[PDB]
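Just below is one structure, and these are the notes that go with it.
First the proteins, then the strands, lettered A, B, ... as listed; each starts at 1. When reading the values below, keep in mind they use all heavy atoms of this one structure, side chains included, and skip hydrogens, waters and symmetry mates.
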4 protein chains.
Amino acid sequence: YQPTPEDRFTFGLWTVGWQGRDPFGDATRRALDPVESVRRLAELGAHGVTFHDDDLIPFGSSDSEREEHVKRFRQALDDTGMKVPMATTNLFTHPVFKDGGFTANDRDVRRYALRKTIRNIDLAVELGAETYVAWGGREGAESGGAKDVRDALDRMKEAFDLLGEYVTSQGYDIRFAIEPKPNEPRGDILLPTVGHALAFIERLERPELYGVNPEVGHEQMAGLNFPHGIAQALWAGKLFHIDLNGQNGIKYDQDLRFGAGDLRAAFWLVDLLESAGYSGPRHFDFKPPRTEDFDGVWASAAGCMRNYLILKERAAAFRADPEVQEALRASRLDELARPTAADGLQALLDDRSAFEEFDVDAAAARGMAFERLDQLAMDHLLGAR
Amino acid sequence: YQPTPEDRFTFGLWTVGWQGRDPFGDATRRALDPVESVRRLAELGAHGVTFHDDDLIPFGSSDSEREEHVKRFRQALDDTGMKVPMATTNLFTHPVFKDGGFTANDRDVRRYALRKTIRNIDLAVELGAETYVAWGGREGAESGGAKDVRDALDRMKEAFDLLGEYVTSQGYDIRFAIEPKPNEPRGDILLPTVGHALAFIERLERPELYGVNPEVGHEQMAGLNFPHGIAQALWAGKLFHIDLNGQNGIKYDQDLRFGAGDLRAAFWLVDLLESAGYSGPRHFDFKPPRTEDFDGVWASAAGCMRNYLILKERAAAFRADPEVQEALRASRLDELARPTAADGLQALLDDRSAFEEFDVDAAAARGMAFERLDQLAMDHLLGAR
Amino acid sequence: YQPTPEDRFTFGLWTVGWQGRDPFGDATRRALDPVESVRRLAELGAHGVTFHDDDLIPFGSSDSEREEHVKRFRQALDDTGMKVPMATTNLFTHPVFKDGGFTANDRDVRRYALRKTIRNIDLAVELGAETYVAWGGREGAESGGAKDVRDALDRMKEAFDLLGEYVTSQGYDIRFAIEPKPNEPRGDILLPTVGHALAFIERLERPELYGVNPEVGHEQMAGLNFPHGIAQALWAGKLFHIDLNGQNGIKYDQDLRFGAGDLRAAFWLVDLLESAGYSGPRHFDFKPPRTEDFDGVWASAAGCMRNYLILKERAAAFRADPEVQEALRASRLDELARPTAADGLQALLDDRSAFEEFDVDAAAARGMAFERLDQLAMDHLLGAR
Amino acid sequence: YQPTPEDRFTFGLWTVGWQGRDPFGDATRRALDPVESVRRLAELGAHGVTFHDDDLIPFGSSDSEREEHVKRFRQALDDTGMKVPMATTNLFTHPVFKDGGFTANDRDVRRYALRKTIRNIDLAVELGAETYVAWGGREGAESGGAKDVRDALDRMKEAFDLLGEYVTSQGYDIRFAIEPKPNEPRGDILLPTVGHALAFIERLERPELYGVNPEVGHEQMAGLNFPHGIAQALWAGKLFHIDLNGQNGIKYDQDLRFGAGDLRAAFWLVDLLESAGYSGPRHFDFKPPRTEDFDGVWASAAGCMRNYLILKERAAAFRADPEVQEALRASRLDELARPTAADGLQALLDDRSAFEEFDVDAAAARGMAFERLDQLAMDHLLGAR
Ligand SMILES: OC[C@H]1O[C@@H](O)[C@H](O)[C@@H](O)[C@@H]1O
Ligand SMILES: OC[C@H]1O[C@@H](O)[C@H](O)[C@@H](O)[C@@H]1O
Ligand SMILES: OC[C@H]1O[C@@H](O)[C@H](O)[C@@H](O)[C@@H]1O
Ligand SMILES: OC[C@H]1O[C@@H](O)[C@H](O)[C@@H](O)[C@@H]1O
Ligand SMILES: [Mg+2]
Ligand SMILES: [Mg+2]
Ligand SMILES: [Mg+2]
Ligand SMILES: [Mg+2]
Ligand SMILES: [Mn+2]
Ligand SMILES: [Mn+2]
Ligand SMILES: [Mn+2]
Ligand SMILES: [Mn+2]
């Protein structure tokens, strides 16, 4: 289960670089030079890294410092062959963003947030990024009167439309991916789930430029089924990017390494991504627990990749097993993929076998055989057949 | 705080008619004649009732029985002046729907579910309903292999498109409202939230025919902010109907009377509905607890209406208070409603006060004053100023 | 992974016998004769069955009917070799228990609940049960004024003390196990968790007669760590019985087959039970989903046993692996088992290496190596080393 | 609703002193001199403040600095009349505590944690504290193998027994209160709820020295009913202290001002505390949101006190209302307070009206009238009768 770059595994600079500061604790690890992270991740078999503007260039840097930080970063990519498929803006750390970025009540902050993002889009395009992610972690509220949500969605649409106008006017190929999160650090965050983000996108001026970057832990933070939400994003044609990690149910954002947390949901996610032929980066947005030293950071990163590859093998064995293929037919998954009424409405209305002469009790008595199917899946996941 | 029919309060036959059967207990109350519910609700000041097909006509009824049930029902509406603004199909009680209705794996069940709905749409139009609600309570799964969600969404789109084709071919004015629910009775239910339903609707053949019927308890069952989700539905122009009740956080669907559960969220919901000028029915989808006798059923129904009216008065006093209007300006809610960059992208890019000369520390040091605003709201809710 | 009776796997009559009625649906399966369940479970390798009084003898039965039901049941145990290690009272289904049994506000109901339990304790002793379980599923409330909780705990202590007085006066060996549940069917249930039940027991007249019967899904329904709670019950010497099943986080009580739901927590539970040498029944309190027919019921029951045995093998391989034993030392699990200050308080107060000369930064810089340990556990669970 | 010191309102130095650093954001406010907090809180009507050792004396301070910090603090208490009823140890911020304090796997860290606490107990006694709080925020784990919970509970019992041995050997009157929390910053925290802490205390060498310091938000973080848990703590005689704040369901620890979050649960909490005659400090453990400036900090603190006083008035009006007293009798709250079987077990066994001649259907048909009672409570809370 050794990763190679063709597996497309990517890591944020902020993941292995996390110093371990949490709400109740100081840092447990020194800061990492982005150059060293690139080298250490390449040695593990990663394909690429991603960054926030302020991860790569310290906030407030001068032009000459900015140029030296990028030049050092570019040399580490050249030395390793690592790519930069995705980038994003930090619109959450600085105190100026305390009431939001694009939806801050203060107009001058909203304008500043847009300028900060536009500057980093240029940098991301230069480094080769195909996707620009927006995480509105500060867009939201802790109380009901502090944010008019219809007004905030107006401001959010304006911000995204202007960013779409900007990349069009430069002839950039980059697309945007919205990363939903239901809460934390705000009491409730706007566009809290995959669904809310997909619905918002359909009201933008150029919807085709925008998709979702769903994160395993963020949907599980709302108790939602992450493979189900990914399926709806695939159905809509909007899975531009994905964040992989682990999460133990409804609580603070844990960002455990992928495969920790809900192991079965991870299996069904990997099964769906491979079956659907998702071709984007397999991006890990995780935090090595602050109990770990620097050797534990890299063990945690390696674990993400390994667990993905183990699940990929087991899911593929599951789908290829003729006994599973037989069980899927017994459970009528083939019938689910058949059109309900390709004969059309009138034919359905006149079809007496659909109502007047439908034997509802005979239909009701037919078991679905889902438990035998699910136990075959569990045996395949555990390597027990 | 006495309701009148112009307040547009509506109740499902299945709410005050609930016999008190739960997963662990037998019925604690006798069944109610729909006629008596209409009379008792009218006496309380309700505007109308809603129904499932099988609430009004017992499942399996003959044509002559069906006609007598409707004739009795119609006479109770005539005697009281009560309206029927909304109707829906029971696609969840009969064992034939155990794997779903529109997305059942068995094609013959999906066709039957469509025919059952189409039959009731006719009845609902005859009784005057403006909205037909779809609650896919059985569309979902308890295990990952039992439902391919992309296939199920294909079947769901087909079902809704055919229903839209049907009402168009009859020249009906009725529109559809999807009622989301994240789980129960299925382990996870498809279109689990307001957002997922809004996103799905945008892929239907005629999206303008479909909106959402969000329920307070269903979004709170996912830990989501119900006023926020209602705001996004209003923003999208899709709040066709609403279900009001109470719910104590993330657990089984409690269906408490409106105002119980999260009292502050109820206040902010009523504030939003009145401020936005929502003109649909104020529909209560609640269950009088099975501890109650028939007198407790009607006290519970009266409580729903009363609590709405109390919250309506307090929210209106909050918005009209000049000290609150002053606090809203101090918190820059006026600036949130102003366009971020009506001067356009180029002007924003050249505006040095948006970036090069933006004093980020002065902006960051400005408090939002949200706590004083929120305490004014709490004083208004409690009648303590 | 074939179970045998020496594995001590037990099932409630109400589990495989569940007809599939849920809050929104009618039964999908016919009722089962308890005799047939005993035979079918024995054929699967089960050790025993458990029952509610009303599972074995239909409520309201005459003495002659009661005797024939028991005689038939006893013959099925004799024919199979199955045991009856545990029994319990149904104090939740009949409408008389709608406000509780032992803590019903109506005193005459509380007295009836006690008499109903005492009658079944006699029957359980006759059938050989070692444990009598109390599940106060109706003890609780949906609103704050309806139950004074200090008064209710007074009544609950009185009920349990009287039951302890009863079994002592008959010279019975049977002990009581309280089964906690945080909510459902009541809005909140008294003694909601393992901890609350353990604390309550310490106030009973004869605490040694009472322990806990924790259920996987019930603690996960509160977002709690079930292996952690089992550990505290073992630490207190109170794990008299256990209910095994699966549950997907915070939502209604799913009662999935064991191993479904949180697979990793199931692994750590089995590891703890085997390491601690728990010698009680491995009891499954699960519901075959109502999508299943009778063949799916037995496949689901077999899956419970199989998954336990797979996890038992993987946990044992994990603990016996010398590389894991090395990682546990690296993570200082050996030091955790050493007394903190066996030298005593004064020696600790005078030990300068505990404070004045403790190198806090050197200690802080030592990584715990938990991630490498946890990835070894994951590799062992998945069969990937 | 103006607080006075006889209302016993207390605040942690760390509450109004919180600089606004969260997992995703830098500080939004400057640090506060503890002296200024004492003065500002006294001016608001507070009775007292509480502290962590490291709140009052910066970590690593020399003896002469330590003495000057305390002397300044003591003068602010003398100038204001403020008391210090409670103190606690910071065993969570420094990286040395990253795997816990009393239950850290490293023995030398456990010994250091004990010495750090013992030093602060001396200081707390000098300042007059009656309660010493233990919050084991780092005692726990993110993975299953990293902590043997039976071993950790052994170490926790040893730590608490040694602290009890220490205060006894000095003749101190101070008692200990354990503050439970289910998760955050650890994935799961040991003794996660009021119940688990009460059960643990009963295994300590001198149980009478230890009680609980429950926090509104911490039990709600597990979806539990906080008034119910407080009632069980009162029933056990262990409510030594309480932390008041607000929390919106199951998510990260919000620490909103008291009264925000679940308003009805706050009402029932205040009703219970006043009815039970709780005489300890009404301590607020809250964080003014980081959107606020220093004026918003004090408005937030004032709001805590005001909301408590409003709820106190409404709860008292509720209990004194003769129509409520009539409804409580109708709902048989009087019968709940009556002993179930003061006639004894034998008399119960021979009482034919408890079983043989109990009319179960007549009992079942009697409604509890809980909804009318609960609507009276809601009318009293809202000032709407
Ligand atoms: O892409 C933006 C990223 O910013 C991070 O700091 C957030 O915590 C992530 O959830 C997000 O993926
Ligand atoms: O509109 C359909 C209705 O069916 C009911 O039985 C469900 O429980 C409701 O949530 C829903 O509103
Ligand atoms: O032991 C009593 C049993 O009664 C069942 O019907 C409950 O649902 C179980 O959780 C419990 O184990
Ligand atoms: O008493 C100890 C205190 O430490 C704080 O920093 C925790 O966040 C509180 O929950 C706790 O009350
Ligand atoms: Mg992310
Ligand atoms: Mg509804
Ligand atoms: Mg159970
Ligand atoms: Mg606290
Ligand atoms: Mn995250
Ligand atoms: Mn509902
Ligand atoms: Mn259960
Ligand atoms: Mn807290």
Plane angle bin for B/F355 and A/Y112 - parallel if under 30°, tilted between 30 and 60°, otherwise perpendicular | parallel

The interface call for B/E202 against chain A, heavy-atom contacts under 4.5 Å, is side chain

Does the pair A/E139/A/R186 count as a salt bridge with the N-to-O cut at 4.0 Å?
-> no

Mind checking whether B/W268 and B/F226 have ring centres under 6.0 Å apart?
-> no

Is it the side chain or the backbone of A/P339 that comes within 4.5 Å of chain B heavy atoms, both, or neither?
-> both

How far does NE2 of A/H380 sit from CD of A/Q375, to the nearest 0.5 angstrom?
-> 11.0 Å

Using non-hydrogen atoms and a 4.5 Å limit, figure out which bit of A/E158 sits close to chain B: side chain, backbone, both or neither.
-> side chain

At a heavy-atom separation under 4.5 Å, does A/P227 approach chain B through its side chain, its backbone, both, or neither?
-> neither

Taking B/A365, B/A276, B/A327 one by one, which has the highest count of heavy-atom pairs under 4.5 Å against chain A?
-> B/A276

Using non-hydrogen atoms and a 4.5 Å limit, figure out which bit of A/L376 sits close to chain B: side chain, backbone, both or neither.
-> neither

How many angstroms lie between CG in A/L163 and CD1 in A/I121, if you round to the nearest 0.5 Å?
-> 5.0 Å

Against chain B, label A/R119 side chain, backbone, both or neither, depending on which of its atoms sit under 4.5 Å from a heavy atom there.
-> side chain

Toward chain B, the part of A/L114 with a non-hydrogen atom under 4.5 Å | side chain

Heavy-atom pairs under 4.5 Å with chain A are the metric here; pick the option from B/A354, B/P95, B/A369 that has the most.
-> B/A354

Under 4.5 Å, counting heavy-atom pairs only, tell me which of B/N183, B/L333, B/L373, B/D271 racks up the most with chain A.
-> B/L333

What part of A/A341 gets closer than 4.5 Å to chain B, counting heavy atoms only: side chain, backbone, both or neither?
-> both

Contact part of A/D343 toward chain B, heavy-atom cut-off under 4.5 Å: side chain, backbone, both or neither?
-> side chain

Among the options B/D99, B/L198, B/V324, pick out the one with the most heavy-atom pairs lying under 4.5 Å from chain A.
-> B/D99

Aromatic ring pairing B/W235/A/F200, orientation class (parallel under 30°, perpendicular over 60°, tilted between) = parallel

Bottom line for A/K147: the part with an atom under 4.5 Å from chain B's heavy atoms is both

Name the member of B/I201, B/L190, B/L162, B/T103 that forms the most heavy-atom pairs with chain A at distances under 4.5 Å.
-> B/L162

Charged N to carboxylate O under 4.0 angstrom, A/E335 versus A/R329?
-> no

If you measure from the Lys or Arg side-chain nitrogens to the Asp or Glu carboxylate oxygens, is any gap between A/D154 and B/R338 under 4.0 Å?
-> no

Considering only heavy atoms, which portion of A/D106 lies under 4.5 Å from any heavy atom of chain B: side chain, backbone, both, or neither?
-> both

Given a strict heavy-atom distance threshold of 4.5 Å, which part of A/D374 is in contact with chain B: side chain, backbone, both, or neither?
-> side chain

